[PDB]
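Engineer: sequence first, structure after, both from an experimental entry:
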Amino acid sequence: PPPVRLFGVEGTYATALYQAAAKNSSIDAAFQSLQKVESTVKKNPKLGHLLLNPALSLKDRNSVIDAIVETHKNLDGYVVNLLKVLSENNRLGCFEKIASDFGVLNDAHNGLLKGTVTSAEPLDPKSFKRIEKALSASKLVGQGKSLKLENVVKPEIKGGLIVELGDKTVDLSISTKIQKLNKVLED
Amino acid sequence: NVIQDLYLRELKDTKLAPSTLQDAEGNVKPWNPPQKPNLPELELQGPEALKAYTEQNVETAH
């Protein structure tokens, strides 16, 4: 079964798409074409991203597909069948959802892992690099995998850092420590 | 770290506030004496009672 499962509808579409292109052994091709069709959809904002509104016909939906494969003739072919499927199931409206989902699945296959270093305010680039080095070095990143570490700004977390990746976290923050500290002196 | 900061601040910068033993007294029940020995006083002294009793109830044993 394809590594990394995607629960629920729209990601069942992604799961299918990946495994279908995995047996064709043309996943990179799929990914590239998916980025391209998503991009030219996204870059056509009014009329063709804001006319993904759910109200179009069966026949009009088919013709939206025909315009999409008119827009560029470079598509994997599995993803040309996928366009048909989403139209046919008339769930075409969620288009980008499947795209994003295929992306999540894909870059897991590629090996890339994503992390997060939430903090109160943005932290140093020196800190970013030191943490990135450490985190990549650690056994947590198995290696043969990469870490796109993203600092995000969350004011709610007061100071510190929280490392997140692999649904495994180490939370050493002042807000979290303060919570536990306060609690212990209210006993 | 934060632990140290808290430790430092808490211990050093404030301690107990005032509180007097005298104020405590109001909120507790204070010792008071067990007044009175409570001496009982002799009753029925003398044959005054006896003469009265012999005479008063003459009801014989049956």
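Structural biologist: Received it, and whenever you're ready, just let me know what you need. Residues are numbered from 1 along each chain as shown, chains lettered A, B, ... in the order given.
Engineer: what residues does the helix or strand that contains residue A:31 touch?
Structural biologist: Using DSSP states H and E, residue A:31 maps to helix A:27-42. Residues outside helix A:27-42 that contact it (CB atoms under 8 Å, 6 or more residues apart in numbering or on different chains): A:17-18, A:21, A:48-49, A:68, A:71-72, A:74-76, A:78-79, A:83, A:95-96, A:99, A:102-103, A:106, A:109. Heads up, the C-betas are built off the backbone N, CA and C, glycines and all.
Engineer: go with 10 Å
Structural biologist: By CB atoms under 10 Å, 6 or more residues apart in numbering or on different chains, the surrounding residues in contact with helix A:27-42 are A:2, A:14, A:17-22, A:24, A:26, A:48-49, A:52, A:68-69, A:71-72, A:74-80, A:82-83, A:95-96, A:98-100, A:102-103, A:105-107, A:109-110.
Engineer: which among those end up buried?
Structural biologist: A:2, A:14, A:17-18, A:20-21, A:48-49, A:68, A:75-76, A:78-80, A:82-83, A:95, A:98-100, A:102-103, A:105-107 (16 or more other CB atoms under 10 Å in any protein chain shown).
Engineer: which is the next helix or strand following the helix holding residue A:31?
Structural biologist: Next element after helix A:27-42 (DSSP H and E): helix A:58-70.
Engineer: so which elements touch that following helix?
Structural biologist: helix A:27-42, helix A:78-88 (3 or more CB pairs under 10 Å, 6 or more residues apart in numbering or on different chains; DSSP states H and E).
Engineer: next, the buried residues of it.
Structural biologist: Buried residues in helix A:58-70 (16+ other CB under 10 Å): A:61, A:64-65, A:68.
Engineer: number of residues surrounding the residue nearest to residue A:143 when sequence neighbours are not counted?
Structural biologist: The spatially closest residue to residue A:143, leaving aside those adjacent along the chain, is residue A:136, at 7.3 Å (CB to CB, 6 or more residues apart in numbering or on different chains). By the measure other CB atoms under 10 Å in any protein chain shown, the count of residues near residue A:136 is 16.
Engineer: check the one 5 residues further on too.
Structural biologist: Other residues near residue A:141 come to 19 when the count uses other CB under 10 Å.
Engineer: for the one 5 residues further on, same thing?
Structural biologist: By other CB under 10 Å, the residues close to residue A:146 number 14.
Engineer: equivalent analysis for the one 3 residues further on, please.
Structural biologist: A count of nearby residues for residue A:149, using other CB under 10 Å, gives 21.
Engineer: mind listing what it touches?
Structural biologist: Residues near residue A:149 by CB under 10 Å, 6+ apart: A:113-117, A:128-129, A:131-133, A:135-136, A:141, A:163-165.
Engineer: swap in 7 Å and give it another go.
Structural biologist: A:115, A:117, A:131-132, A:135 (CB atoms under 7 Å, 6 or more residues apart in numbering or on different chains).
Engineer: helix, strand or coil for whichever residue of chain A sits closest to chain B?
Structural biologist: Chain B sits closest to residue A:177 of chain A, with a gap of 4.5 Å, by CB to the nearest CB. Put simply, residue A:177 is helix when judged by DSSP: H, G, I helix; E, B strand; the rest coil.
Engineer: I'd guessed it sits against residue B:5; true?
Structural biologist: No: contact between residue A:177 and residue B:5 fails when scored by CB atoms under 7 Å: they sit 9.7 Å apart.
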